[PDB]
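Below is one structure; the comments refer to it alone.
Because the Cβ atoms are built from the backbone with ideal geometry, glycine has one as well, and the counts that use them run over all protein chains shown. Any read-out appearing in this document is the output of simple, stated calculations on the displayed coordinates, not a laboratory observation.
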Ligand SMILES: CCCCCCCCCCCCCCC(=O)O[C@H](COC(=O)CCCCCCCCCCCC)COP(=O)(O)O
Ligand SMILES: CCCCCCCCCCCCCCC(=O)O[C@H](COC(=O)CCCCCCCCCCCC)COP(=O)(O)O
């Protein structure tokens with residue numbers, strides 16, 4: 001519902017401020033560790049809801065070696081959930097592996113859909 | 001024979017086509033039907049709805 | 001750029017271009033396929049191939065000349081081309097072979113060989129050329145029992161009954177001085193042409209042509225030629241349009257430019273500013289389409305043609321196209337009109353300013369025969385620029401909203417619904 | 001220029017539709033015009 | 001001519017007039033039949049009886 005262009009605009013404003021990045025960034029690190037998706041072997045970009053045309057475009061353009069690895073992490077998380085267990089601690093996702101791999105493909109598809117919408121409902125002047 | 005030759009349609013064609021008069025009479029008859037069907041459906045619902053108001057023996061003890 | 005019309009008994013029109021490297025000289029007659037009857041249909045197409053026959057082309061080729069000919073519904077032309085220093089030889093060839101002697105061309109050995117070659121061309125047209133023969137069938141159903149319905153090539157049934165005496169009877173009625181214009185295009189000056197004609201005393205024949213009695217009239221109809229062994233479906237659809245000398249002639253051409261043409265396999269064709277392309281590309285409803293606005297001396301046709309491999313969704317393709325035509329009466333925007341103005345000026349400028357003097361000779365002679373003069377491209381651009389949105393809405397309320405249509409189709413057309421389902425889409429029951 | 005495209009509620013198309021919503025909001029206010037008169041009530 | 005132009009073309013005014021003409025239709029139809037029905041049965045109604053049982 002909220003676009004990723006809007007999320008990146010608010011988030012990059014905080015990260016450039018030296019006083020706002022001392023307050024919010026320690027709170028965001030505690031929020032992610034309490035969420036617990038890394039103990040099931042998932043990255044955050046695996047959790048994005050995909051039933052919309054922007055996300056279907058970005059998933060088509062992903063390189064195929066990363067698409068095979070994403071499918072294994074989702075399947076392993078479903079099997080761990082039905083057994084009501086967690087993964088062994090040496091199989092958890094580390095923080096330096098929790099990178100936004102899908103975010104540049106999403107932002108490129110959002111900018112192209114915005115430019116098409118502006119050209120389709122447009123004014124002229126002599 | 002040749003498919004470019006159109007068969008005879010002359011016993012049903014009008015002597016003058018005059019597109020403003022043929023569309024005007026057909027839309028008069030369709031418009032009169034929607035006029036009478038709406039007035040008929042309205043009185044039908046009001047007959048069923050008014051049967052739930054107070055009966056004649058209830059009003060006599062008012 | 002200037003045209004010059006002069007009459008001395010013979011109407012002579014020129015269009016001088018001193019940058020061109022060839023010249024072109026011919027004669028255009030003011031009769032076409034709409035001046036024939038259903039029994040001599042194809043007599044104009046036979047006269048073209050007599051002029052382009054092998055012995056006539058060989059006499060021209062030893063001089064350095066080339067020959068062209070064109071048959072339309074309102075006119076026909078016979079054109080000789082040469083280098084700019086030999087326009088006197090090309091005007092001599094038009095005098096000997098076509099005006100004075102015609103018993104050389106109409107010999108029995110030449111007539112039977114030409115009639116065999118024409119019958120093979122018409123047979124291969126009716127079996128293989130599916131977009132152009134659907135458009136020919138659209139003319140015959142929209143103007144049935146009326147001179148504007150006859151095909152320009154003729155039919156196979158009418159061509160085999162033609163003899164030599166049928167061609168001489170057509171030439172005595174139509175190849176006249178009061179029906180003709182002598183044209184000259186390319187690198188040729190106007191006063192050099194009128195002094196070469198006046199150094200002789202050319203005259204075809206004195207008198208006027210016959211007058212037909214039935215005028216053209218549009219009739220809402222359809223014709224279906226179903227063929228399940230063909231791989232596609234081909235459909236044309238039109239309303240009654242504008243004739244030549246109409247005050248709404250340029251407004252009708254701009255309305256067709258709004259919807260335009262499309263090719264699903266060209267990547268730049270998929271990015272055009274046409275709102276109809278949003279519905280079509282979602283489920284791939286067709287392979288190509290094109291919109292047209294044709295004009296004749298008495299009537300015209302406005303509509304589109306299309307070709308499709310998606311044979312189970314034909315009804316969605318017709319429905320989406322006709323709902324966009326409703327917007328020309330109701331809600332056409334100002335940015336769509338400005339886009340169509342620039343593209344109509346580019347299309348008209350490419351038609352009249354190509355580098356082919358044979359194309360210029362056909363366009364110049366056909367316009368002088370009807371109007372008596374020629375409208376310049378500078379004056380046509382100023383009429384296009386003055387069209388407003390209110391001009392478009394007033395034209396479409398008269399010609400498009402709740403009007404009769406004509407349909408033609410061939411191939412796998414089972415999914416094409418019947419007439420009254422398509423006729424009811426010419427209005428919205430919203431406004 | 002261009003402005004707020006409203007998603008699909010294009011305003012360039014609102015008052016290209018809405019002058020006949022004085023009669024489209026007036027066709028169902030022409031509707032209860034009919035369907036409310038089996039019992040006495042008056043309202044202008 | 002243009003009898004179609006507003007009387008049936010504008011279908012905010014058509015569905016509107018399909019509903020508009022049906023409301024004045026109910027009172028003029030009910031007045032005409034009741035007047036015909038009572039004149040056909042004159043001398044038999046209670047109002048024609050009360051006028052001379054008085
Ligand atoms: C289940 C089997 C069917 C049984 C018959 C049930 C009849 C109820 C359906 C109404 C039929 C007309 C549909 C109107 C329509 O949408 O056509 C509309 C056209 O409507 C108009 O333009 C004028 C309104 C037509 C008034 C017809 C009055 C009939 C009133 C019904 C009578 C009481 C039942 C679309 O049809 P089109 O595509 O041919 O244009
Ligand atoms: C569900 C009921 C359907 C009844 C089928 C028809 C059989 C005739 C019996 C009618 C009895 C009810 C009306 C009595 C009456 O007093 O009315 C009369 C006559 O008007 C009519 O109802 C005749 C029209 C019948 C319906 C026409 C199609 C309308 C579209 C379908 C309606 C469903 C929404 C009005 O007189 P009133 O206003 O003083 O009461």
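Rounded, prolate or oblate for chain A? Axes are the square roots of the Cα gyration tensor eigenvalues, ordered a ≥ b ≥ c, and the cut-off for rounded is a/c under 1.5. Before the final figure, lay out the partial values.
Details: a/c = 2.89, a/b = 1.46, b/c = 1.98.
Note, shape of chain A comes out oblate.
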>> If you average the alpha carbon positions of region C:326-356 and of region C:101-115, how far apart do those two centres end up, in angstrom?
In response: 47 Å
> Taking a point 7 angstrom from the Cα of residue B:53 along the C-beta vector, which residues in region D:7-44 have backbone N less than 14 Å away?
Replying inline: D:36-42
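Quick one: divide the alpha-carbon radius of gyration of region C:273-431 by 2.2 N^0.38 Å and tell me what you get.
Working: Rg = 18.4 Å, N = 159, 2.2 N^0.38 = 15.1 Å.
Cα-based Rg divided by the globular estimate yields 1.22.
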>> Among C:337-347, D:2-12, how do they line up by average Cβ neighbours within 10 Å per residue, starting with the highest?
In response: C:337-347, D:2-12
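Could you calculate the contour length gain from residue B:20 to residue B:46, that is, 0.36 nm times the residue separation minus the distance between their Cα atoms, to one decimal place in nm? All intermediate terms of the calculation are to be shown ahead of the outcome.
Details: separation 26, 0.36 × 26 = 9.36 nm, distance 3.96 nm.
Contour length minus Cα-Cα distance gives 5.4 nm.
Rounded, prolate or oblate for the protein assembly as shown? Axes are the square roots of the Cα gyration tensor eigenvalues, ordered a ≥ b ≥ c, and the cut-off for rounded is a/c under 1.5. Working shown, then result.
Working: a/c = 2.52, a/b = 1.35, b/c = 1.87.
Since a/c reaches 1.5 but b/c is at least a/b, the shape of the protein assembly as shown is classed as oblate.
Sorted from fewest to most neighbouring beta carbons within 10 Å, what does the list C:211, D:34 look like? Before the final figure, lay out each step's value.
On the way: C:211 5, D:34 20.
The most exposed by this proxy come first: C:211, D:34.
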>> If you take every DSSP beta bridge fully contained in region C:208-431, what fraction is antiparallel? Give it as a percent rounded to 5.
In response: 80 percent
> For the pair residue C:217 and residue C:324, how long in nm is the line joining their label points, each one 7 Å along Cα→Cβ?
Replying inline: 3.5 nm
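Per residue of D:27-40, what is the mean number of Cβ atoms on other protein chains within 10 angstrom of that residue's Cβ?
Values: counts 10, 3, 2, 10, 7, 1, 5, 13, 8, 3, 6, 9, 4, 0.
Mean shielding count: 6.
Looking only at other chains, what is the average number of their beta-carbon atoms within 10 angstrom of each beta-carbon in C:406-416?
Values: counts 0, 0, 0, 0, 0, 0, 0, 0, 0, 0, 0.
Per residue, the average neighbour count from other chains is 0.
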> Rounded to the nearest 0.05, what FRET efficiency is calculated for residue A:15 and residue E:6 with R0 set to 56 Å and r the Cβ-Cβ distance?
Replying inline: 0.30
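Rounded to the nearest 500, what is the 222 nm mean residue ellipticity of the protein assembly as shown from helices alone, with -39500 (n - 2.57) per DSSP H run of 4+ residues and division by all residues?
Working: 29 runs with 332 residues, N = 717.
Here the helix-only value at 222 nm equals -14000 deg cm²/dmol.
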>> If you fit an axis through the alpha-carbon atoms of helix B:19-49 and take the longest principal axis of the Cα set of chain B, what angle between them do you get, 0 to 90°, nearest 10?
In response: 20 degrees
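Highest mean first, what order results for C:94-102, C:327-335 on Cβ atoms within 10 Å? It would help to have the intermediate numbers written out before the result.
On the way: C:94-102: 14.6, C:327-335: 18.0.
With the highest mean Cβ count within 10 Å placed first, the list reads C:327-335, C:94-102.
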> What whole number of Å gives the distance from the Cα centroid of region A:1-44 to the Cα centroid of region C:376-421?
Replying inline: 57 Å
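If R₀ is 41 angstrom, what is the calculated FRET efficiency for the pair residue A:75 and residue C:261, using the beta carbon separation as r and rounding to 0.05? If you can, show how the numbers build up before the last one.
Details: r = 49 Å, r/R0 = 1.19.
According to the calculation, E is roughly 0.25.
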> For residue D:35 and residue E:33, FRET efficiency with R0 = 22 Å and r from the beta-carbon atoms, rounded to 0.05?
Replying inline: 0.50
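What ranking, highest mean first, results for peptides C:421-431, A:94-104, C:23-33 when packing means the other Cβ atoms within 10 Å averaged over each residue? Don't skip to the answer; put the middle values down first.
Working: C:421-431: 15.1, A:94-104: 12.3, C:23-33: 24.1.
Packing order, densest peptide first, comes out as C:23-33, C:421-431, A:94-104.
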>> Viscosity 1.306 mPa s, temperature 10 °C: what is the translational diffusion coefficient of region C:87-135 from Stokes-Einstein with a Kirkwood Rh over Cα pairs, rounded to a whole number of µm²/s?
In response: 117 µm²/s
> How far apart, in nm, are two points set 7 Å out from the Cα along the Cα-to-Cβ line at residue A:48 and at residue C:129?
Replying inline: 5.5 nm
> Just counting partner chain Cβ atoms within 10 Å, what average do the residues of peptide A:45-54 show around their Cβ?
Replying inline: 0
> Once you put a point 7 Å from the Cα of residue C:268 and another 7 Å from the Cα of residue C:197, both along the Cβ direction, what distance in nm separates them?
Replying inline: 4.3 nm
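Considering only chain C, what is the antiparallel percent among its DSSP beta bridges, to the nearest 5? Show your work: numbers first, answer last.
Working: 50 of 61 bridges.
Just about 80 percent of them are antiparallel.
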> Can you list, bin by bin at 5 Å, the percent of alpha carbon pairs in region C:1-202, starting at 0?
Replying inline: 1, 7, 14, 18, 18, 15, 12, 9, 5, 1, 0
> When DSSP beta bridges are limited to those with both residues in the protein assembly as shown, what percentage is antiparallel, rounded to the nearest 5?
Replying inline: 80 percent
